[PDB]
Amino acid sequence: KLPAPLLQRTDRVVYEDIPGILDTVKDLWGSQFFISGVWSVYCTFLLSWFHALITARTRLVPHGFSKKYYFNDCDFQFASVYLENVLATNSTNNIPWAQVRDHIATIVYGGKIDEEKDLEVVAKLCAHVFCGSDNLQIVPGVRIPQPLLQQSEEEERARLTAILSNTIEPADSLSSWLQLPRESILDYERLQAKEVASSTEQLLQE
Amino acid sequence: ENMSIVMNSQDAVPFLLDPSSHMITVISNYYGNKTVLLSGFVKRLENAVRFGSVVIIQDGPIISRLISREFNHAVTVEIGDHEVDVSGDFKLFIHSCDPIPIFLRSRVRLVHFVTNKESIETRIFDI
Amino acid sequence: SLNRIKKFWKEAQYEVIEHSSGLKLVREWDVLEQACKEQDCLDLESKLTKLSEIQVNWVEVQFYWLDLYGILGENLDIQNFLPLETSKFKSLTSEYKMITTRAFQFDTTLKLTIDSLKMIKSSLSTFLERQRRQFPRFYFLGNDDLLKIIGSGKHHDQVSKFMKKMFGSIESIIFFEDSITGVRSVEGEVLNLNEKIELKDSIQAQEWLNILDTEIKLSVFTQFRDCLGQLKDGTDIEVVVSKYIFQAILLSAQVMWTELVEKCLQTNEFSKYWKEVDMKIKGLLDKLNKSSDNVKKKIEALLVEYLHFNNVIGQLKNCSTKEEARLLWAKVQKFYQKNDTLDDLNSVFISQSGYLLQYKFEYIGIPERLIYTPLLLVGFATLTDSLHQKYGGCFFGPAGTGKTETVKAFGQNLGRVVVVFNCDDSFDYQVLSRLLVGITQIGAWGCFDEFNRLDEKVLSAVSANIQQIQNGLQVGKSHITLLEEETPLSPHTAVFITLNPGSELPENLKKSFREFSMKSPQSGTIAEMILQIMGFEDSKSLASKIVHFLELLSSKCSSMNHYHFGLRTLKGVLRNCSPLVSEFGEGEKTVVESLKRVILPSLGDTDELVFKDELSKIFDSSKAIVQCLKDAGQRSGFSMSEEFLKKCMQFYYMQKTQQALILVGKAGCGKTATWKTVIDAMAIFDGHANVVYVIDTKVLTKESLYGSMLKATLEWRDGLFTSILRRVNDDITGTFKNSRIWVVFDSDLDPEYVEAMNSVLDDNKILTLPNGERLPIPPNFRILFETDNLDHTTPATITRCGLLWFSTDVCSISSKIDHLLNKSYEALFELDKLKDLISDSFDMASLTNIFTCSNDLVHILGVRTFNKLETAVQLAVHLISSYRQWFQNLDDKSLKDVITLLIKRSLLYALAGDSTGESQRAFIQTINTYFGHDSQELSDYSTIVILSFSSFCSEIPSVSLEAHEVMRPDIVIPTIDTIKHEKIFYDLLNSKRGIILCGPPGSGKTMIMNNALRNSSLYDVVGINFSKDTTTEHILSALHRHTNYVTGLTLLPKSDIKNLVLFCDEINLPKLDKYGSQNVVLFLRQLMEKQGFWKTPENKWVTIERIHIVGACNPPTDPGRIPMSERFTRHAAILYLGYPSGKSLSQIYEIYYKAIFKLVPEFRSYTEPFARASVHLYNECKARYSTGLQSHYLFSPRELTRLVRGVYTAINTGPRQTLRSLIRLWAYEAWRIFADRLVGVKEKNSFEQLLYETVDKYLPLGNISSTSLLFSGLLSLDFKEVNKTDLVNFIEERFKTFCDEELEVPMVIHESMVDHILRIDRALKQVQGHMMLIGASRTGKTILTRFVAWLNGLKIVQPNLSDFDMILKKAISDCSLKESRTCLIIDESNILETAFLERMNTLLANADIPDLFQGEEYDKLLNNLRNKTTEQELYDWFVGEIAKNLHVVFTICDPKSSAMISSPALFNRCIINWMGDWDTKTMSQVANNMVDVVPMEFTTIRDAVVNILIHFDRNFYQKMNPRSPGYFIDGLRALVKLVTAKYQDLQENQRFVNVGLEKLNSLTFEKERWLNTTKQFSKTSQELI
Ligand SMILES: Nc1ncnc2c1ncn2[C@@H]1O[C@H](COP(=O)(O)OP(=O)(O)OP(=O)(O)O)[C@@H](O)[C@H]1O
Ligand SMILES: Nc1ncnc2c1ncn2[C@@H]1O[C@H](COP(=O)(O)OP(=O)(O)O)[C@@H](O)[C@H]1O
Ligand SMILES: Nc1ncnc2c1ncn2[C@@H]1O[C@H](COP(=O)(O)OP(=O)(O)O)[C@@H](O)[C@H]1O
Ligand SMILES: Nc1ncnc2c1ncn2[C@@H]1O[C@H](COP(=O)(O)OP(=O)(O)O)[C@@H](O)[C@H]1O
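What counts and how
- Residues numbered from 1 in each chain as written, not as in the entry; some residues may be left out.
- Chains lettered and ligands numbered in written order.
- Part of a larger assembly, values for the part shown.
- Heavy atoms only, no water.
- Residues with missing side-chain atoms left out of burial classes, pairs and counts.
- Pairing = 2+ DSSP bridges.
- Helix = DSSP H or I, 4+ residues; strand = E, 2+ residues; numbered from the N terminus.
- Axes fitted to C-alpha atoms, helices over the stretch in contact; angles between N-to-C directions.
- Contact = heavy atoms within 4.5 Å.
- Buried < 20%, exposed > 50% of the residue type's maximum accessible area, 1.4 Å probe, protein only.
- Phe/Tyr/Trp six-rings, centres within 6.5 Å; stacked < 30°, edge-to-face > 60°.
- Buried area = accessible area lost by both parts, 1.4 Å probe.
- Salt bridge = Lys/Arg side-chain N within 4 Å of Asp/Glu carboxyl O.
- Polar contact = N/O pair within 3.5 Å; in protein donor to acceptor, adjacent residues only side chain to side chain.
- Nonpolar A, V, L, I, M, F, W, Y, C, P; charged D, E, K, R; others polar.
- Patch = residues over 30% accessible without salt bridge, like charges linked within 9 Å, V, L, I, M, F, W, Y side chains within 5 Å.
- Areas by Shrake-Rupley, 256 points an atom, 1.4 Å probe, with all protein chains shown as cover.
- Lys, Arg positive; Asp, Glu negative; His and termini not counted.
- Charge placed at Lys NZ, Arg CZ, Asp CG, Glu CD.

For this coordinate set, the PDB header names cryo-EM as the determination method and states a resolution of 4.1 Å.

Further remarks concern the sheet that holds strand 6 (residues 355-358) of chain C. All names here are of chain C. Taken together, the 3 strands give an open sheet; going across it, the order is 4-5-6, and neighbouring strands pair in antiparallel fashion. Edge positions in the open sheet fall to strand 4 (334-337) and strand 6, since each of these has one partner strand only. Ignoring which end each strand starts from, the neighbouring axes of this sheet average 30° apart. Taken together, the 4 bridges between strand 4 and strand 5 (residues 348-352) define a ladder with antiparallel strand orientation. In the strand pairing of strand 5, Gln 337 is matched with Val 348. Running over the sheet, helix 13 (residues 374-388) touches strand 5 and strand 6 and is turned about 80° from strand 6.

Here the focus is the side chain of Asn 1099 of chain C. Relative to the assigned elements, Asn 1099 of chain C resides in the loop between strand 26 (1092-1094) and strand 27 (1101-1104). Here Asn 1099 of chain C falls in the buried class, since its relative accessible area comes to 11%.

In this section: the packing of aromatic side chains. Residue and element names in this part refer to chain C. Across all of its chains, the model carries 59 aromatic pairs over all chains by this definition. Aromatic pair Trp 1094 and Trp 1101: ring centres 5.2 Å apart, planes at 50°, arrangement tilted. Residue classification places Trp 1094 among the buried positions, given a relative accessible area of 16%. Taking the relative accessible area as the measure of exposure, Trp 1101 reaches 26% and is therefore partly exposed. Taken together, a centroid distance of 5.8 Å and an interplanar angle of 45° make the contact between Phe 1163 and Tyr 1166 tilted.

Turning our attention to the interface of chain B and chain C. Across the boundary between the two partners, chain B contributes 7 residues, which contact 7 residues of chain C. Together chain B and chain C conceal approximately 690 Å² of surface at their shared face, both sides included; 52% is due to carbon and sulfur atoms. Its largest share of buried area at the contact with chain C, chain B owes to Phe 103, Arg 105 and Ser 106 of chain B, together 49% of the area lost on that side. At the boundary of chain B and chain C, one finds 1 salt bridge. Of the charged contacts, one joins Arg 109 of chain B and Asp 1530 of chain C as a salt bridge, the two residues approaching to 2.9 Å between their closest N and O atoms. Our count for the chain B to chain C interface comes out at 1 residue pair in polar contact. A class-by-class count of the residues in the side of chain B that touches chain C yields 3 nonpolar, 1 polar and 3 charged.

Together, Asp 832, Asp 836, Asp 840 and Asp 843 of chain C make up a region of like negative charge exposed at the surface. Residue classification places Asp 836 of chain C among the partly exposed positions, given a relative accessible area of 43%.

What follows is the structure, encoded as structure tokens:
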């Protein structure tokens, strides 16, 4: 709680940064600088998309999750260090997908989670992002191709940035991109409007 | 009219219900060197009585004779546990910041310093 | 001021109270501080500042001289440790001696002394800091421990007992021929170094202890290397178990397991290594079967490790693919060892999830290894992840889910000793900051158990410190600047935090830590592995059944506060299994019997049945001790019961193992009995002698329990607990080496007391004391808590203690009757037949119906049937003993009739003294119906006299006593009910039973008590009136004035023939403490039950032999009364002193009216009608008025006593009266005593017309209304109706005399204030007269009181506790030496403490106060009264003169003293005057006779303006509690003053205008202006009014 006399002799301002998924990925990539190989950069890319997805799903208090959590840059930093350590000593390129999946789900991005179904849906998101097949459909629209053996950091960075720049953020991204049914967000905004209308009815009685 | 009621009280003591601490500042500005503040203390009140200095006390029971003008003329004031000589120019003020015993309330000249919906209506009409 | 200050400064000296010579000490600091704190003024100020400087020097020099004596007087090695340091403290000793000399025989010199003191303090602080720079593990301890360690250098000891502290997990050191060869762990494991530590005389503690820990690191490394080599040589682990210490075998075995598992993981091979692990496990179990204790603990720890290895390999062989194989292997802890690293202690690193950390090679002892569950591995993984990037782990979850011991297990598995700060409010900033700095210096990782419990400022400070440490950790800075020091920082250190939300981590710590959840500890695998390591052949099924049983117990039964069915209870059951394993073997029987021995004592009744049914559902299924218990019970008379036998066997089997046992049950259920008989049987069986101790908790304080530093002398004091602990721990007499000791707290559990008892309770068997006294707890020191409820039992104690629950009473009615009869027989050719007759008297077929038809009635101070039969049988036995003299010479029918009558009366007075009289009658016919009509039937007035039937009406004395005795309140009138009460009270007092008197106020409980005991020559009474705040020194001071000690060990009455009885009043009045308990009542229970107590400054058992306890109290239903717990009331009986019937009132007051007609016997034939009139009016007032209408509507015979007292004093102070005049005077007194607190004048006139009807019914007469009555003695020599005109003339003459003499206050005169001053004069002229003043502010009540005080010639005074008592003493001294009739006034603003109200209550319940007149005061009072003229006669004269020479009148505004008004003793004498608000007539007349001072009529109009003022006043108060008239009065005063000033100003202005017009008489304009002014002047004047 802020002290009483400071908040009165001041101009109180409240902000809301844009919750779009695309701007989070672009901000993460601009904050990023890559420096070790190409597979580490590709895994950092996948991890940044995963962090963007979980940050988008955080705001859905009663349907996307069960309690408003607070992720930040430090959790993504630790996950990035874990990814670069895993793909810095396991140079056989036989990717230990189970190791990174379990360590991200149950330790890095499950450290602050107490409920069980929240961890189950985090594990589902990990399985979706880190399926480790020959193709990846991170959303039903765009694909992130796997790198090849004949690239350095600069060309892979350029190629993945081009994959960012082609697709525009869709209007209904809050259900298709997060893999959530439309009726769920419909009920969420229904409860939002119910709270707003009930509050206005209570204020209208005076 | 608050300050008019304050200055037109030569018999009953006035009350300063001023959590904003503006009344004490304007009173001290008007008075100057004759202002002493309290919150030992009996001794300094007796010294102020003997010297003839106006006293203001914050956070408003042994000042019964002074608040009731129960003076002995031979003019001495029996305050606390010893008689104190009266200079004749002694004045007392009571200040508080909490918006109170019944005996004090029915004796002190109570005034209110509170802004409310009536106050904002008067303010918008005045502007 | 100046003279007193100079005199006390020149009188300053010192007290010779110190030990040996030392420094001459001084006490009473605070009085000196309160006393001490132009040229002459500045000189005095400078002297005061110098004196304050010397005062600060004094307190600092003694506060430091205590430690100076501690470290220099008793030992010189501390001051001789180092050369320059030795010179510095030799100079210190020289300075100390010379300042002692100059203190014996200046101020600036002593300021130079404090300068020297501060620089030597800085020198020693820097010396300690440099010693800790040499060895930062010394910086763990406080300064005193450092001084002890450096003093015992050549002594070479006392570091072996701090050996627990500075290295964590080591108990003691061992050393041969002045050379250390190893250390002994906390478990007790011997260690051997690489080489012995050769020692010299010139040794410092720091250097050889650095050698000690460096070489213990090297030695554990050496044994690990040798064990690794020997295991690489193919040696089986079973042989080499006993060779190497636990750390070595753990590290070597885990490294070998890592190497073998990665070798077999490089291929798809798991069978051979799993078979090898299984063979190792089986061989280790076989060796565990035949091991010694050290071998057993090493083997169980290695079995924990190898069960983990078995689980890991079994998990890995389920890995069908290689990727999940690396998944599973990379997550568990991997133990690698370097090969080419030349550094010995950095050759091993631990790999966990791709990271690595450095082992530090410190000994860990052999603690209970945390069994390896997957969640433990996940916690290790996330802690490794946090630590890898220079961060700190944060843990959060539910309470007791495995956080802090998980961090300690991390420290164990990484080989580090972790310091745990057990968070509590007693922690402060400096010691926690010091331990944090030590953790930074030495690099030892540190956990924080339950971090959220700190206070706000301390949590913020430690958060800042931890943030600085972390910030230094990430940036790699080796010098963090905190605590004003640039302390070194090893990169291997860490900081750990654990907490429980439901708060979370603070944001400053949250930005640099990482969270984790561990909500559900996997109990199934823990139980499975514990059952496997215990040796049971069936681990999985038994563990699953135990988990199912625990969850079903936690779900099905009612969730009691003390219940727990989680993990710690499961581990306690598994630990308790092993002694049952040794007898019953391994199987289901052992665990089911352990469950029957552990969880069964904590269960209830329905929970017990649920547990039994679930035990039958899940699970399928020694008499020498039973015989011993039966023999003990049969010897002591406790006839056993099946429930009682089950409970006693349960308690014995529970105390077989667990040290700390708590007994819980409703009061009076046999807890004391069951542990007494169990421990007697235990002493018979095992042969050890028993010693028991009983201590009451709340009556003693913590200072009297343990002790503290003294406020001035700083001297340690030994409390009771410290005394008994020192006695049982010294064992100088040799008793406590084979004698069993039982410290039992016969009191309810207190949270702030169990907070101190946790230091007793903890596992290390050490206690925390302010003076630094460490005391061990031997195995015979068993602690027992017997309580009555668990309302305040902390859940931290419901599991960590041992709990026994007594849901149902373990005794039957028949067995209790038999035991009580046998005890009464043993309490004493004829005794045998008498015992047989009493045994056959209790025909239980009718007694059962008696109990069933007696428990239904309303029991005031309700007690069950289980605690009144004690009183019943004891009264029956005592009456039989009294009548035993004439029972051998009489026929059997008379004997059976007499014993039947006696038991009938005993049951009637033990089962109906808690209900009304008609309930007693109905009980007596119920008894006569149950026992049949064959025997003698007890009647309401039945009595047996010398030997046949009689009645109470035979012995009643119809005494025609004198007239003046009604002024004396101690005189008693006799009646049948009074004699019955006295007889039963006398029997109860003689029967050695407790007495409690209850009933509505006004029945005369104290009055009948003083009747029964003043006439009693066999006893004495000391009476104490209780207060809201009551202390144990009240009762001690009360008894010391009439009792004496003797050996002390025994407290006896001062007389040798009179059994002294302590009386107390208003037991319900004292308030509860902060935890719902009261100390005085438990003290009384301790006196009345165990006949002994403990002295608070001496801790001695003061046995009581000839003192009984009686008590009179108001019922708890009334306001200001709090109920007592049944524990106190179970020892006593209840006598409902109800309201006597109106016929008894008529008889009592017709003797009173004969006595009052003695003075004027011309109307001696009218005693009865006035008694009937008083009875009728009081009965109608009771049936009409009720306390719902107003708080002070309480009616009693106190009104009638005051009525007859007023009539008597009127007749004494009055002339000859006719019949009509006497009727009128009696009506005047009745209206005064009754119609002064009623609702309104309508109630007064209703009382008047009822009085009319009753008088004309009894005495066959005009208007006798309120205002028509005016009785005074101002205008007549004696009380008679005087004329109002001459009365107001006389009081007007006195008013003008007073205004010309002393004070000319602005007062008025009207008939209302005439009535007020007449009433207050009537009260002041009466002996012991007081009033309340229910009036608003500025109503002139105090002014009228002062007026009447001057009229009566009363001396005038203007009123902390000590000053109040000194003023009282001066006033009573002036009263005794000068007959000073001084009036005293108290307002509500005059009273701020309830002690003044309490002493008013005491002195007005009595006529004086006993405990304020004792010692020197009593001796001087007796001497002075002998100067004015036996102690009793002089004190009676003192009581009479203070009754006739004291008058206090109280002023109240709100009708916090409501309970004081409702207090019967306060209400007894003072007449409550409802001044109220002024009425319309009163305000109109006061306005109309103030307006006449100032002429205003120039335009009637006075009535108009007064009507407007009063109507606006009423409208303001009705559109805006008595209505305050202050607004009206100061409004009219200000109006009068403004009118006077404005009239004078207008007269001057009109005179000036007339002068100007006359001077003026161009002129046309001036004439027009003057004419316009003269024309508008009248309109402006009306507008001006
Ligand atoms: N086997 C028995 N047969 C008959 N009466 C028994 C038996 N065991 C105990 N009693 C009775 O039970 C009574 C219990 O006394 P007490 O009130 O001290 O019990 P408690 O449960 O320890 O309670 P507290 O300590 O609160 O007083 C004994 O005074 C005794 O008369
Ligand atoms: N290997 C283990 N895994 C889980 N719990 C354990 C293990 N070993 C012991 N325990 C028990 O778990 C309990 C956890 O309590 P704890 O969290 O330390 O309480 P607190 O939070 O008050 O410190 C301990 O009492 C301990 O007996
Ligand atoms: N039967 C009676 N005989 C004589 N006096 C009585 C009788 N009943 C009541 N009184 C008078 O009424 C008063 C009762 O007050 P009491 O109940 O003793 O007050 P408290 O309980 O506060 O001491 C006594 O002072 C006593 O003088
Ligand atoms: N009945 C009255 N008649 C005249 N003056 C009054 C009366 N009551 C109060 N006053 C004025 O009020 C002042 C203070 O009264 P105070 O003593 O406070 O009343 P109370 O005794 O009820 O507390 C007095 O100086 C007196 O002049």
